[PDB]
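The structure under discussion appears below in the form of structure tokens.
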Amino acid sequence: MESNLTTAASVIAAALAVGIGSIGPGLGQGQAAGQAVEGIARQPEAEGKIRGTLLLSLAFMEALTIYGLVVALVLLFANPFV
Amino acid sequence: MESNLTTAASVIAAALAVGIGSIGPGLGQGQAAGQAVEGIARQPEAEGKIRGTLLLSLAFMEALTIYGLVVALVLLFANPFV
Amino acid sequence: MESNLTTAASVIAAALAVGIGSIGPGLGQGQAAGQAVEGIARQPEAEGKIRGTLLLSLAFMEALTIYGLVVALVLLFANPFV
Amino acid sequence: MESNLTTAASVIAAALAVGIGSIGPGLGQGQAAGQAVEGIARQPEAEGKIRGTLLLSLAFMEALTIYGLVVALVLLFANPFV
Amino acid sequence: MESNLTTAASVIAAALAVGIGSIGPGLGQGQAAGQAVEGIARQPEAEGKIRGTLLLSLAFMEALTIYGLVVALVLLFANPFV
Amino acid sequence: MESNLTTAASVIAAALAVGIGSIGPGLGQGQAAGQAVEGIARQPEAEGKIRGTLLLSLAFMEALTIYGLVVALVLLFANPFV
Amino acid sequence: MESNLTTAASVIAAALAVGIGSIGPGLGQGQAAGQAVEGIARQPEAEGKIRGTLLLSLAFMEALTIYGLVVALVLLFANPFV
Amino acid sequence: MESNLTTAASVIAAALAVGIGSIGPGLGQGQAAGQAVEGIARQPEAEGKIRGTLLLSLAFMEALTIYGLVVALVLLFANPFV
Amino acid sequence: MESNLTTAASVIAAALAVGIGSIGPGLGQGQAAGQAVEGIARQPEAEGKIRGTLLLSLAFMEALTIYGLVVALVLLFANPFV
Amino acid sequence: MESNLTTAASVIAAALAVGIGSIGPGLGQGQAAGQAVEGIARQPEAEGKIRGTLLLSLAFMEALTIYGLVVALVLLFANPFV
Amino acid sequence: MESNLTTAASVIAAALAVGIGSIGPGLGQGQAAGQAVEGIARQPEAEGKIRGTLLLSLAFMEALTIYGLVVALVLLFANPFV
Amino acid sequence: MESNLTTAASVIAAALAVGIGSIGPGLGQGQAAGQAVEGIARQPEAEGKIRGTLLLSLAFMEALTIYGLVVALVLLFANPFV
Amino acid sequence: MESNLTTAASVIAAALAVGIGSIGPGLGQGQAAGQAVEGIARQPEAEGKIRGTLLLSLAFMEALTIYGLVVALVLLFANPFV
Amino acid sequence: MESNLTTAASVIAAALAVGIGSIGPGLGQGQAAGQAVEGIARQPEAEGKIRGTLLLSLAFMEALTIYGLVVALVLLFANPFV
Amino acid sequence: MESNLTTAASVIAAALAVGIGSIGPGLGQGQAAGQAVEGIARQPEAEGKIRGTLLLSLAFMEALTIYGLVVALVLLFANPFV
Ligand SMILES: OC[C@H]1O[C@H](O[C@H]2[C@H](O)[C@@H](O)[C@H](OCCCCC3CCCCC3)O[C@@H]2CO)[C@H](O)[C@@H](O)[C@@H]1O
Ligand SMILES: OC[C@H]1O[C@H](O[C@H]2[C@H](O)[C@@H](O)[C@H](OCCCCC3CCCCC3)O[C@@H]2CO)[C@H](O)[C@@H](O)[C@@H]1O
Ligand SMILES: OC[C@H]1O[C@H](O[C@H]2[C@H](O)[C@@H](O)[C@H](OCCCCC3CCCCC3)O[C@@H]2CO)[C@H](O)[C@@H](O)[C@@H]1O
Ligand SMILES: OC[C@H]1O[C@H](O[C@H]2[C@H](O)[C@@H](O)[C@H](OCCCCC3CCCCC3)O[C@@H]2CO)[C@H](O)[C@@H](O)[C@@H]1O
Ligand SMILES: OC[C@H]1O[C@H](O[C@H]2[C@H](O)[C@@H](O)[C@H](OCCCCC3CCCCC3)O[C@@H]2CO)[C@H](O)[C@@H](O)[C@@H]1O
Ligand SMILES: OC[C@H]1O[C@H](O[C@H]2[C@H](O)[C@@H](O)[C@H](OCCCCC3CCCCC3)O[C@@H]2CO)[C@H](O)[C@@H](O)[C@@H]1O
Ligand SMILES: OC[C@H]1O[C@H](O[C@H]2[C@H](O)[C@@H](O)[C@H](OCCCCC3CCCCC3)O[C@@H]2CO)[C@H](O)[C@@H](O)[C@@H]1O
Ligand SMILES: OC[C@H]1O[C@H](O[C@H]2[C@H](O)[C@@H](O)[C@H](OCCCCC3CCCCC3)O[C@@H]2CO)[C@H](O)[C@@H](O)[C@@H]1O
Ligand SMILES: OC[C@H]1O[C@H](O[C@H]2[C@H](O)[C@@H](O)[C@H](OCCCCC3CCCCC3)O[C@@H]2CO)[C@H](O)[C@@H](O)[C@@H]1O
Ligand SMILES: OC[C@H]1O[C@H](O[C@H]2[C@H](O)[C@@H](O)[C@H](OCCCCC3CCCCC3)O[C@@H]2CO)[C@H](O)[C@@H](O)[C@@H]1O
Ligand SMILES: OC[C@H]1O[C@H](O[C@H]2[C@H](O)[C@@H](O)[C@H](OCCCCC3CCCCC3)O[C@@H]2CO)[C@H](O)[C@@H](O)[C@@H]1O
Ligand SMILES: OC[C@H]1O[C@H](O[C@H]2[C@H](O)[C@@H](O)[C@H](OCCCCC3CCCCC3)O[C@@H]2CO)[C@H](O)[C@@H](O)[C@@H]1O
Ligand SMILES: OC[C@H]1O[C@H](O[C@H]2[C@H](O)[C@@H](O)[C@H](OCCCCC3CCCCC3)O[C@@H]2CO)[C@H](O)[C@@H](O)[C@@H]1O
Ligand SMILES: OC[C@H]1O[C@H](O[C@H]2[C@H](O)[C@@H](O)[C@H](OCCCCC3CCCCC3)O[C@@H]2CO)[C@H](O)[C@@H](O)[C@@H]1O
Ligand SMILES: OC[C@H]1O[C@H](O[C@H]2[C@H](O)[C@@H](O)[C@H](OCCCCC3CCCCC3)O[C@@H]2CO)[C@H](O)[C@@H](O)[C@@H]1O
């Protein structure tokens with residue numbers, strides 16, 4: 001067990017990476033998904049096309065927060081300093 | 001028992017990870033779900049397709065906050081420093 | 001019977017987790033629910049399908065805040081440090 | 001009568017949990033309720049179905065703030081530290 | 001009579017609980033009530049139904065702020081610490 | 001005459017309770033009242049119904065700020081500590 | 001003359017009570033008054049009814065800021081501490 | 001001929017009362033006035049009724065800022081403390 | 001030439017009163033004026049009535065900032081303390 | 001030549017007065033001017049009337065910021081303290 | 001070369017005057033200019049009238065930021081204190 | 001191992017880079033993707049064209065956050081200072 | 001070389017002048033340019049007139065940020081103090 | 001391995017440049033891309049022209065964040081001070 | 001080989017200039033570009049005129065951020081002080 005400025009900064013940093021990192025992607029995924037289901041209601045025959053394009057987009061957005069998760073996990077499990 | 005800068009930072013970090021981490025996904029899930037039920041009212045025959053696409057979307061958004069939860073749980077139950 | 005930096009941080013953390021954690025889900029639940037009842041007025045025959053999809057959505061959003069509650073309850077009743 | 005950092009933090013925490021915890025749910029309940037009464041005006045025959053879905057939604061949103069209230073009451077009446 | 005960190009924090013906390021606690025519910029009640037009166041103008045025969053659903057909703061929202069008031073009153077009249 | 005941390009905190013708290021406490025209710029009352037007078041212009045024969053429902057709603061919103069006023073008056077005229 | 005932490009806090013508190021206390025009611029009165037004059041243009045025969053309902057509404061909103069004024073005047077002319 | 005904490009606080013307080021106190025009323029007066037002139041263009045025969053209702057509304061809103069002015073003038077010309 | 005806490009506070013106060021005091025009224029005047037010129041374009045024959053109501057409104061809003069200017073000039077040219 | 005708390009505060013205050021003081025009037029002038037040119041396109045025969053009402057309005061708004069400038073210039077060229 | 005609190009405050013003040021001072025006018029000019037070019041597209045024969053009124057308005061808005069520039073230049077090239 | 005001001009700043013910086021860096025791109029991707037799926041519903045024959053343009057756009061936006069990730073990874077795995 | 005409070009203030013000031021100074025003009029230029037290209041699509045014969053008016057507008061807005069640039073360059077290359 | 005105020009400031013600076021630098025461009029790219037795919041759905045034959053203009057615009061916006069990246073890389077790999 | 005207040009301020013300043021300086025231009029470029037591609041879909045024959053006007057606009061906006069880049073590069077490569 002060690003406590004210093006950098007261990008303290010590391011745990012806070014981990015939380016900020018994943019917490020702040022979910023704001024834009026969370027909102028964005030809701031916007032895209034909302035238009036997708038509205039589109040399916042409008043044109044059910046296009047569901048396959050809509051679903052595929054939504055899935056691609058959700059993946060691009062999810063990755064943004066995953067970058068934050070990666071930084072958090074490095075800070076907690078592969079910390080370069082402490 | 002143990003109290004130091006890093007234990008104090010850890011408990012605050014845990015709260016911020018899940019607290020802030022729910023803001024975007026919470027708003028986004030509401031946006032998507034709202035469009036989904038609006039679409040069902042418009043085209044009830046499309047309910048299956050709509051429900052399926054919404055569920056996928058809700059899972060992508062839920063995962064974002066779960067990343068915050070995971071950081072929180074690591075900080076409380078598998079803390080690397082303290 | 002105990003006051004230090006980490007006990008003080010823990011109580012504040014518990015409050016921030018549930019307090020901040022209800023903001024996005026609270027707003028999102030209202031958005032989804034509002035569209036659900038608008039949908040029911042528009043197409044009463046679809047009420048069952050709308051209600052089922054809404055309930056699923058409300059559960060996904062409620063869970064987000066419950067993650068904050070879980071962190072808060074760990075901090076108050078199973079605190080790892082103090 | 002006792003005063004320390006943790007008792008002071010506890011009273012502030014109790015207020016923040018219930019205060020901040022009412023923001024999203026209060027706004028969301030107004031949004032849902034507003035669409036409900038607009039829906040009843042549009043289709044008075046669907047009032048029973050609208051009211052039932054509204055009530056379910058109001059409960060989900062009210063619960064979010066109740067989590068904040070629970071934290072506040074624990075901090076004030078079952079404080080684990082002070 | 002008595003002044004220390006905790007009495008000072010208690011009076012601030014009491015004000016924050018009711019002050020912040022009225023923001024969401026205040027805005028939400030206005031939104032729901034505005035839709036209610038618009039609905040009554042649109043369909044006066046639905047006034048009884050609209051009024052009843054509004055009353056229910058106003059009570060759910062009012063309760064959110066009353067949680068803030070309860071905390072404030074505990075802090076002022078049944079303070080566990082000071 | 002006495003001046004200490006708690007007398008100072010009490011006067012500030014009193015102002016914050018009543019000041020912040022008027023923000024949501026003030027906005028909400030304007031929203032509801034605006035829709036009420038728009039409704040009366042649309043359907044003058046519904047004025048009695050609209051006025052009654054508006055009055056009920058204005059009372060619910062006014063009470064939210066009154067809770068803030070009560071806390072302020074307790075702090076200034078029935079202060080538990082100073 | 002008298003200068004201490006509490007006199008300094010009192011003058012600032014007085015300003016915040018009326019200053020912040022006018023924000024919501026000011027915006028809300030404008031919203032309501034705007035809809036009222038719009039309604040009069042639409043249905044001049046409804047002017048009496050509209051004016052009456054607006055006046056009631058303006059009074060409910062004005063009272064909110066008056067509560068802030070009362071706290072301010074107490075702090076300056078009937079201060080309980082200083 | 002006099003400088004202390006309370007003289008410094010008083011001058012800042014005077015400025016905050018009138019400065020912050022003009023924000024909501026300024027915006028609300030513009031909203032009401034804008035709808036009034038739009039109403040007059042729409043229905044010039046109703047100009048008298050619109051103007052009378054606007055003037056009443058402008059007075060209610062102006063008063064809100066005047067409360068801030070009154071606090072400021074008390075602080076500068078009838079200061080209870082300094 | 002004198003410098004103390006109160007002279008420094010006085011100059012800042014003067015700037016805040018006039019600076020902050022122009023925000024709401026500036027926005028509100030633009031809103032009112034914009035609707036006025038749109039109204040004149042719609043109904044050129046109502047220009048006299050529109051201009052008269054606009055001028056009255058502009059005066060009410062200008063006065064709000066003038067209260068801020070009065071406070072600033074008192075602080076600079078008739079300071080009660082320094 | 002001379003540097004003390006009050007000279008430092010005076011230069012900051014001067015900048016704040018004109019800087020902040022241009023925010024509302026800048027936005028408001030754009031709003032009014034945009035409606036003016038839209039109105040001229042709609043009804044070119046009303047150009048003279050529109051231009052005159054706009055000029056009057058622009059002057060009311062410009063004056064708001066000029067109050068900020070006047071304070072800044074007093075602080076720089078006729079400073080009562082330093 | 002001299003460095004003191006007031007030289008430091010002066011350079012910051014200069015930047016704030018011109019930086020903050022461009023926010024409202026920049027936004028406002030874009031709003032006015034956008035409506036002007038939309039108007040020209042709608043009625044090309046009114047271009048001369050539109051351009052003239054836009055130019056007048058752009059000048060009024062540009063002057064607001066120029067006041068900030070003047071304060072900045074006084075602070076840097078005709079500083080009353082340093 | 002090593003803790004100093006710069007190791008502490010490095011972990012915070014890494015989190016800020018990826019955290020803040022995902023806000024704009026997250027929101028932007030959702031906006032573009034939502035329009036894409038709406039477009040596919042409108043014109044399913046354009047799906048290939050829409051998908052290709054969306055993919056290109058998603059990549060431009062994803063790269064923005066990847067710049068944040070690159071900085072974070074340099075700070076953690078190739079830190080020039082510590 | 002030279003380092004003191006004023007050199008440090010100068011470099012920060014320079015950045016704030018151009019950084020903050022681009023916010024309003026950047027947004028405003030986009031608004032104006034967007035309406036311009038929309039107008040060209042609507043009325044291609046008006047392109048010359050539209051382009052000319054836009055160019056004038058862009059120059060007025062660009063100048064606002066250039067004022068910030070000038071302050072920045074003075075602070076770096078013609079600093080009056082340091 | 002070196003730590004001082006400037007190395008710490010450098011790492012924070014690198015993160016802020018790329019983090020903050022992605023906000024406007026990320027949002028702007030989403031807006032442009034969204035209109036592009038909506039346009040392709042409207043007029044599939046214009047896809048080539050739309051895609052070309054989009055790509056040009058995306059490059060202009062991407063460059064803005066790349067300036068932030070360049071600053072970050074200089075601070076990390078070609079630091080002029082430390 | 002050099003750390004002091006001004007080197008630390010310089011690196012932060014460089015980051016703020018380009019970081020903050022991209023916010024408005026980034027958003028404005030997206031707005032203009034979005035309208036351009038919408039315009040092209042609407043009127044493909046006007047693509048050349050639209051593209052030419054857009055490119056001119058994008059250059060004006062890009063320049064605003066380049067001013068921030070110039071300040072940053074002066075601070076890093078031609079620093080007048082350190
Ligand atoms: O008190 C003993 C410790 O002293 C140093 O850390 C000190 C540090 O100097 C001091 O500024 C610090 O107080 C500063 C509080 C800053 C809190 C920080 C803000 C954002 C990042 C997360 C939390 O306390 C540390 C306690 O660890 C060393 O880092 C460490 O080696 C040693 O264990
Ligand atoms: O980090 C290691 C050290 O940390 C504590 O020391 C100090 C620490 O230096 C000091 O900055 C700290 O006060 C710093 C204020 C706490 C602010 C911080 C902000 C982020 C969220 C958590 C709260 O108090 C500790 C108690 O005295 C422990 O008491 C000490 O035993 C331990 O060695
Ligand atoms: O173990 C904690 C110990 O911390 C104390 O040191 C410090 C310690 O930073 C803190 O209590 C106090 O500063 C605490 C200020 C920050 C409060 C914190 C902010 C966010 C998280 C919730 C509340 O000052 C003490 C000065 O003695 C003392 O060492 C001791 O009284 C106490 O037991
Ligand atoms: O750790 C508990 C200790 O806390 C008490 O107050 C200490 C405390 O450390 C310190 O932060 C306090 O200043 C606290 C300033 C911030 C208080 C606020 C409370 C809730 C919101 C977050 C932070 O003043 C005292 C310093 O002498 C006393 O030191 C003592 O009664 C007690 O042992
Ligand atoms: O916490 C209990 C202690 O209360 C006092 O602590 C002192 C403490 O040292 C000092 O930092 C504290 O000033 C700290 C200022 C923080 C005020 C706080 C901020 C947010 C919450 C509301 C107000 O004042 C206390 C009251 O005088 C006395 O020291 C003594 O009665 C007792 O030890
Ligand atoms: O200076 C004498 C007084 O000392 C204490 O109060 C001290 C206190 O410790 C100290 O932190 C305080 O300075 C702290 C300033 C905090 C201002 C506070 C912020 C939010 C709440 C309203 C205002 O000054 C007090 C002056 O009364 C005791 O509270 C009081 O018994 C005693 O009269
Ligand atoms: O509260 C009681 C005491 O208060 C004053 O003492 C101190 C006080 O302790 C100290 O914190 C205070 O500085 C505190 C900074 C003021 C901040 C405060 C924030 C809320 C709005 C009002 C301003 O200065 C006073 C002057 O020295 C009086 O000078 C003293 O005579 C009196 O006994
Ligand atoms: O009666 C006030 C007395 O206050 C002084 O103590 C303190 C006092 O807190 C204040 O002046 C100063 O700190 C003042 C900082 C807060 C300024 C305040 C903030 C909001 C309200 C407007 C301005 O430092 C002094 C240090 O001597 C000295 O005791 C004396 O010079 C003065 O007369
Ligand atoms: O109360 C007046 C006294 O104020 C002067 O400045 C004092 C003052 O107390 C203190 O707050 C000041 O720091 C003031 C920091 C905050 C100043 C700012 C001004 C307007 C906006 C709110 C607060 O520095 C000096 C400390 O030595 C000198 O102490 C003296 O010339 C004079 O007697
Ligand atoms: O107020 C007059 C006094 O001016 C000086 O006060 C000192 C004072 O002690 C110190 O706290 C102060 O630093 C306080 C930093 C606050 C700077 C202020 C913040 C907002 C308004 C613009 C800038 O600096 C003053 C200038 O050196 C000198 O002490 C002396 O010339 C005289 O007594
Ligand atoms: O250190 C020597 C200098 O001491 C004084 O200035 C001191 C001053 O008292 C002190 O509060 C100051 O530290 C206070 C830092 C406040 C920074 C300020 C915040 C907003 C306005 C721009 C920057 O450092 C100054 C250094 O010049 C005198 O102003 C000056 O005559 C003298 O050259
Ligand atoms: O900068 C290198 C220095 O690092 C340490 O500095 C100390 C320094 O004195 C102290 O003010 C510092 O506490 C300052 C608190 C600021 C924390 C910072 C805020 C934003 C960026 C992330 C975290 O802590 C350092 C670490 O203990 C040690 O003094 C020593 O290892 C070395 O001289
Ligand atoms: O202003 C004149 C003096 O300024 C410096 O002194 C001091 C100064 O007093 C002190 O407040 C300063 O620390 C103040 C903190 C810096 C904050 C400031 C905020 C605005 C943007 C720039 C950064 O550090 C300097 C270094 O010790 C120089 O080191 C000194 O040689 C020179 O005489
Ligand atoms: O000027 C470089 C010096 O800086 C180091 O850290 C010093 C430094 O002056 C001080 O501000 C530091 O606290 C720094 C607190 C704020 C740090 C943060 C960093 C980036 C974002 C802006 C500000 O702690 C140390 C105090 O002992 C050490 O003093 C020394 O290793 C080195 O010579
Ligand atoms: O020439 C700068 C000198 O400054 C130091 O004094 C001061 C100096 O204010 C600063 O480094 C440190 O405080 C720096 C705090 C502010 C950091 C600043 C904030 C915005 C701009 C970027 C970063 O503490 C030192 C205490 O020694 C020392 O005199 C010396 O270590 C250093 O060389």
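All values below come from the heavy atoms of this structure, side chains included, with hydrogens, waters and symmetry mates left out. Reminder, nothing fancy here: chain letters follow the sequence lines and each chain counts from 1.
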Side-chain polar contacts of residues 18-32 of chain A - donor-acceptor pairs under 3.5 angstrom, sequence neighbours left out - could you list them?
from, atom 1, to, atom 2, distance (Å)
A:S22, OG, A:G19, O, 3.0
A:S22, OG, B:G21, O, 3.2
A:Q29, OE1, B:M61, N, 3.3
A:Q29, NE2, A:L58, O, 3.3
A:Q29, NE2, A:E62, OE1, 3.0

Return all side-chain donor-acceptor pairs below 3.5 angstrom for residues 45-57 of chain C, not counting sequence neighbours, or 'none' if the list is empty.
from, atom 1, to, atom 2, distance (Å)
C:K49, NZ, B:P44, O, 3.1
C:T53, OG1, B:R51, NH1, 3.1
C:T53, OG1, C:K49, O, 3.4
C:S57, OG, C:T53, O, 2.8

Donor-acceptor pair, side chain of A:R42 and main chain of L:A41, under 3.5 angstrom: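 It does not hold such a pair.
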Please report the closest heavy-atom contact between B:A72 and C:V71, naming both atoms and the distance. CB-CG2, 3.9 Å
Rounded at 0.5 Å granularity, tell me how far CD in B:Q35 sits from CD in B:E38. 5.0 Å
Would you sort out whether D:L69 and D:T65 count as a side chain to side chain contact (heavy atoms under 4.5 Å, CB included), showing the intermediate values? CA-CA 6 Å; D:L69 171 67; D:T65 305; 5.8 Å; no
